[PDB]
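> Below you'll find the sequence and an experimental structure to go with it.
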Amino acid sequence: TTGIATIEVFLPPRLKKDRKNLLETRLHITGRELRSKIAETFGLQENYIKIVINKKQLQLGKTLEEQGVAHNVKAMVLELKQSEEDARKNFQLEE
Amino acid sequence: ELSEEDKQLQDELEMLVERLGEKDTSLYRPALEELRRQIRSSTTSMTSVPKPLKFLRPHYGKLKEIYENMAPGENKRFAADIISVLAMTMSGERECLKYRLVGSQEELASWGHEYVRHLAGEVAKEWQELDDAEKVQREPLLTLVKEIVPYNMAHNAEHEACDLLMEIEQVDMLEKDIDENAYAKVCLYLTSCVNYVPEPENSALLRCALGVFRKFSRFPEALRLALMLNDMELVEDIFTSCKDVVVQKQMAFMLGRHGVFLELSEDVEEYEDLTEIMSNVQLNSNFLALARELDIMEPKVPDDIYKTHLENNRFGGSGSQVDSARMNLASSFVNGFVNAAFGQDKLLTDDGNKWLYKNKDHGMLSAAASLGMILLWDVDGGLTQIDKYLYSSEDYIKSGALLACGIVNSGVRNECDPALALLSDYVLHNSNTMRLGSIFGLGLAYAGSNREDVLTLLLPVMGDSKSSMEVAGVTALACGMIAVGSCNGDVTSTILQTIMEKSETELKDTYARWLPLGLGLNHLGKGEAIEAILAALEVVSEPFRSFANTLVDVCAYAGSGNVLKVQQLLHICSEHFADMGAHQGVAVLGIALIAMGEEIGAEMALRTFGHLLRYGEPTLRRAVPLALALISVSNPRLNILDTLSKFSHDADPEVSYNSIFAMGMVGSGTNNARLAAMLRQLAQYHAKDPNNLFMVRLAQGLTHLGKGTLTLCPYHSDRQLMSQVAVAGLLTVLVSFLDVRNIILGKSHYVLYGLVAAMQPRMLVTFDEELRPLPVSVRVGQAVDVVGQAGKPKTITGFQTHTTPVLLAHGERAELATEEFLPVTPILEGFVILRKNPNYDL
């Protein structure tokens, strides 16, 4: 209804909370807004989390509607030992 | 000689039979009445010798002709009864049958148990002697059965009833005739007889037992027989029919153990709990509890596993300071497999990059896969560590990380499906290594899924001419093991088109052996639909035509026990003529996989393999150890280990390699100290050859898998329940191992990780109705049936008292020593739920 989705966000078992949660979100926002809103909702670092949607990898530069997100779509939340860009630089430096 | 009573009775019988000479009116009624009375009195008694039958040795020819001419009414029927009883002792099979057939009906119960059994045997003989040329004789025999079966049911003679009903090929009456106190006996009889009866009667018997169990509402057993039949519609029917939520949870546990994931509609209450149980997300946690019960949290290191402190250091401080790549790969496999599924390692978790940096190309892939394989059944926990190594500098090892994902998602499923999302953008990668890693991770993560979306996504890879041969082979095996035992027409047609368009020069490579694999992996346990498959494969030319035909023949009859197929395979093996011996090797593996269905067939396959070894040509000698490994996976039988130890010193390198892998597979996870000592001795003896050392260290890792708490058995439910995913995994590993140097010792170490697809644990974790762990005293011992067909659960002896969770070695079962709890599933395997006993009073 009213152009919103009740996304089923699945937190990792390490964070002792509910395994599956319901988040009331919109669809015109982008993947960066998506990860930021999960981080603020469930108390995580935005740069230390990876979000998995609708059996596809999140396109942070592309909005939710154009990457396939819809109503009642699951959202895996994966903790990062090192931030995405930080891990990229850290590992790619060692050669 | 006779006695006074015997002589008088003989004289009376002779007088009665001699009075029938003429046609006097007061002869046929009196004489036949007297004969009927005496015969009924003697037969309807104890098993004492039927004295009238012993005395009576006349000829019925005059009796038969007079039967023909006298009294078209009941007197000829009396004569028929008398001659039938007489000929039951003699050999008058057809005549003795038709006397009861057309003579006085009365009832078979009025004669005796032995008469009923003899009539049943004669009826079976006639039915086997009667073809479809005429059904006139079938109906009265069916009417005879209508009364024979209830007699056996009421007189505990279910043996003869079941046998007769199998001879007539009709088993419907068991649905309406089985009682409450006898359903277990007949059900066990059928579930034991199904293995040895050939096609197609086994499937009919299985569905008959399924219907019986549904009628008596033994739902877990119905699920077991449904997975035996391997048909989803009846599984769904049983799932709908399950009105007890505890039985629903139990059947979810067994479905997760078998790896069958059926979509559940929202109409069923407690859908989320059943779905999460079937996804098997809890298992790892329980495993952790398992480990913390045994104080085996601390992971091991390859140095202590090899026990270098005991090996004779003939060269000290000068010959061990060089770290070759291959020994590093072996140490990776060890410091993986040994410490796998414990959630921690002391060398790959705190010193990851430093370890991986001393590996080259293939070592990168192997170590990246082992990083995920050091933590099993923790999708989020595994990926939290796998992501950084996915972000590695050497992006070529990215594919390895995907294997880690595919090896972490193995045995579990998530709603968000991290594996599908992670590999959807990487399957189409143009790099051969990238696509290889993507497809392998997707296959390992989705073993037995049969999901149409993943299959459709995997379809374009086969038609891609750019895709390399090893990419095509891995794609075919992944497609086959995602669609295990389904005969998917889409995958079958795709693989058939791919092999048809393939050229002979490109087919000559080893990886082309993986093209039938997936095709065969599509047809596990279903030999009926393979006539069309062999007809289609006949188009391609020999020798690969015969190779593919043999491989699909193996895959069709996986555990079937069809001795005719084994005879064809043995004929293939015995034909003494490189690629020509591949047919014989595949046929040897075929004898193995067909015979592993039955314990008797397997143990005779042992003797056949011994004869093949001591009297076969080099290719057969190389092939046999793989077959021996297939026969007794995670079953450290000492005779098998002794033969493999004898042949580990053979002058043929391939034979020794296969024997070492057979040690690794057969003794996998048993933590056999004798096997560990023999493997250490083999490592000491083979200290020079890198390949022998690598494979012996791999065998040590396999035998120390999970510190002795992991098994690769493709069998469950008292070894009666086959596992399609596990069978597929061992099949891929073994057929790849048919060429150890090019595949295993070449560029394809990752194929070994297919065994993790078969990686299944053993515990005795006991849950309450709410799924909390519950410690229950358990009597554990060997399941050696001290009875015959009494229906007993093998009457577990060799008792030992344990507190759950417990570790059960292969071939040793468990039972509940406490009456305080009742298990929903009487087969105490894996995770079980115990209902508190309402009958027990304090």
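Ah, there it is. Numbering: from 1, shown residues only, chains lettered A, B, ... in the order given.
> Longest helix in the chain, by number of residues?
If you meant another chain, say so; for now it's chain A. Taking DSSP state H as the criterion, chain A has its longest helix at helix A:31-42.
> actually it's chain B I care about, not the one you picked
Under DSSP H, chain B gives helix B:25-43 as its longest helix.
> and that one, which residues are buried?
Of all the residues in helix B:25-43, those buried under the rule 16 or more other CB atoms under 10 Å in any protein chain shown are B:27, B:28, B:31, B:32, B:34, B:35, B:36, B:38, B:39, B:40, B:42, B:43. Where C-beta positions appear, they are placed from N, C-alpha and C, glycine not excepted.
> what helices or strands is it leaning on?
Applying 3 or more CB pairs under 8 Å, 6 or more residues apart in numbering or on different chains; DSSP states H and E, we find helix B:25-43 packed against helix B:4-18, helix B:51-55, helix B:74-89.
> Name the residues that touch the first one?
This points to helix B:4-18. B:2, B:31, B:34, B:35, B:38, B:51, B:52, B:55, B:56, B:58 (CB atoms under 8 Å, 6 or more residues apart in numbering or on different chains).
> got it, and the second one?
Outside of helix B:51-55, the residues within contact range by CB under 8 Å, 6+ apart are B:6, B:9, B:10, B:13, B:14, B:35, B:38, B:39, B:42, B:85, B:86, B:89.
> residue closest to the middle of chain A?
residue A:51 (2.8 Å; CA atoms, centre = their mean).
> and among the helices and strands packed on helix B:25-43, the most buried is which?
helix B:74-89 (a mean of 22; mean count of other CB atoms under 10 Å in any protein chain shown).
> Let me know the angle separating whichever helix or strand comes after it from helix B:74-89.
Going down the chain from helix B:74-89, the next helix or strand is helix B:93-102, by DSSP states H and E. Between the axes of helix B:93-102 and helix B:74-89, defined by axes from the mean of the first three to the mean of the last three CA atoms, to 10 degrees, the angle is 140 degrees.
> Just say helix, strand or coil for whichever residue of the stretch 551-700 of chain B sits closest to chain A.
Distances between the stretch 551-700 of chain B and chain A by CB to the nearest CB are smallest at residue B:669, namely 26.1 Å. What DSSP: H, G, I helix; E, B strand; the rest coil gives for residue B:669 is coil.
> Let me see the residues that make contact with the helix or strand hosting residue B:461.
Under the criterion of DSSP H and E, residue B:461 resides in helix B:452-463. For helix B:452-463, contacts defined as CB under 8 Å, 6+ apart pick out A:55, B:420, B:424, B:427-428, B:435, B:439, B:442, B:446, B:467, B:471-472, B:475-476, B:478-479, B:482-483, B:488, B:490-491, B:494-495, B:497-498.
> Please compute how far that helix lies from its chain's middle.
Mean-position distance between helix B:452-463 and its chain equals 29 Å (CA atoms, centre = their mean, to the nearest Å).
> is the helix or strand just after that helix up against chain A anywhere?
Proceeding N to C from helix B:452-463, the next assigned helix or strand is helix B:469-482, under DSSP H and E. No: for helix B:469-482, no contact with chain A is found by CB under 8 Å from any CB of the partner chain; the gap never falls below 14.9 Å.
> how big is the angle separating helix B:469-482 from helix B:452-463?
Using the same axes, to 10 degrees: helix B:469-482 against helix B:452-463 is 150 degrees.
> Alpha carbons of helix B:469-482, as PDB, please.
What follows is helix B:469-482, C-alpha atoms only, in PDB (Å, rounded to 0.1, in the frame of the first residue of the first chain):
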ATOM      1  CA  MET B 469      36.300 -27.300 -21.000                       C
ATOM      2  CA  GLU B 470      36.900 -27.400 -17.200                       C
ATOM      3  CA  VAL B 471      34.300 -24.600 -16.800                       C
ATOM      4  CA  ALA B 472      31.900 -26.700 -18.800                       C
ATOM      5  CA  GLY B 473      32.600 -29.800 -16.700                       C
ATOM      6  CA  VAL B 474      32.200 -27.900 -13.400                       C
ATOM      7  CA  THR B 475      29.000 -26.300 -14.700                       C
ATOM      8  CA  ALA B 476      27.600 -29.700 -15.700                       C
ATOM      9  CA  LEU B 477      28.400 -31.300 -12.400                       C
ATOM     10  CA  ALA B 478      26.900 -28.400 -10.500                       C
ATOM     11  CA  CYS B 479      23.700 -28.500 -12.600                       C
ATOM     12  CA  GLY B 480      23.500 -32.300 -12.000                       C
ATOM     13  CA  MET B 481      24.000 -32.000  -8.200                       C
ATOM     14  CA  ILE B 482      21.500 -29.200  -8.000                       C
END
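> Any buried residues in it, and which?
B:469-482.
> can you give me the strands for chain A?
Taking DSSP state E as the criterion, chain A contains strands spanning A:4-10, A:20-26, A:49-53, A:56-57, A:74-79.
> any idea what sits nearest residue 42, other than its immediate chain neighbours?
Using chain A. The spatial neighbour of residue A:42 that comes closest, neighbours along the chain excluded (CB to CB, 6 or more residues apart in numbering or on different chains), is residue A:11 at 5.9 Å.
> my bad, chain B
residue B:50 is the one closest to residue B:42 (CB to CB, 6+ apart), at 4.7 Å.
> Also residue A:39?
Counting by CB to CB, 6+ apart, the residue nearest residue A:39 is residue A:46, at 4.0 Å.
> hmm, back to that, tell me which two of the contacts of helix B:51-55 sit farthest apart.
The two members of the contacts of helix B:51-55 with the most space between them (CB to CB) are B:6 and B:85, at 19.1 Å.
> related to what we said a few turns ago, in contact with the residue nearest to residue A:39, which residues?
Residue A:46 touches A:35, A:36, A:39, A:40, counting by CB under 8 Å, 6+ apart.
> and it, how far is that from residue A:40?
According to CB to CB, to the nearest Å, residue A:46 and residue A:40 sit 8 Å apart.
> before we move on, what about residue B:182?
66 Å.
> Find the centremost residue of chain B, please.
residue B:722 (3.3 Å).
> nearest spatial neighbour of it, skipping sequence neighbours?
Counting by CB to CB, 6+ apart, the residue nearest residue B:722 is residue B:559, at 5.6 Å.
> Can you verify my assumption that the one you found contacts residue B:525?
Yes: if you go by CB atoms under 8 Å, residue B:559 and residue B:525 touch, sitting 6.6 Å apart.
> still on that earlier bit, burial measure for the residue of the stretch 551-700 of chain B closest to chain A, as a count.
Using other CB atoms under 10 Å in any protein chain shown, residue B:669 has 28 other residues around it.
> Can you list phi and psi of it for me?
phi 70, psi 0 (degrees, to the nearest 10).
> closest one to chain B among the strands of chain A?
Of the strands of chain A, the one closest to chain B (CB to the nearest CB) turns out to be strand A:74-79, at 3.5 Å.
> quick one: contacts of that closest one?
So strand A:74-79 is contacted by A:7-12, A:14-15, A:23, A:34, A:38, A:42, A:44, A:48-54, B:380, B:383-384, B:387, B:414-418, B:421 (CB under 8 Å, 6+ apart).
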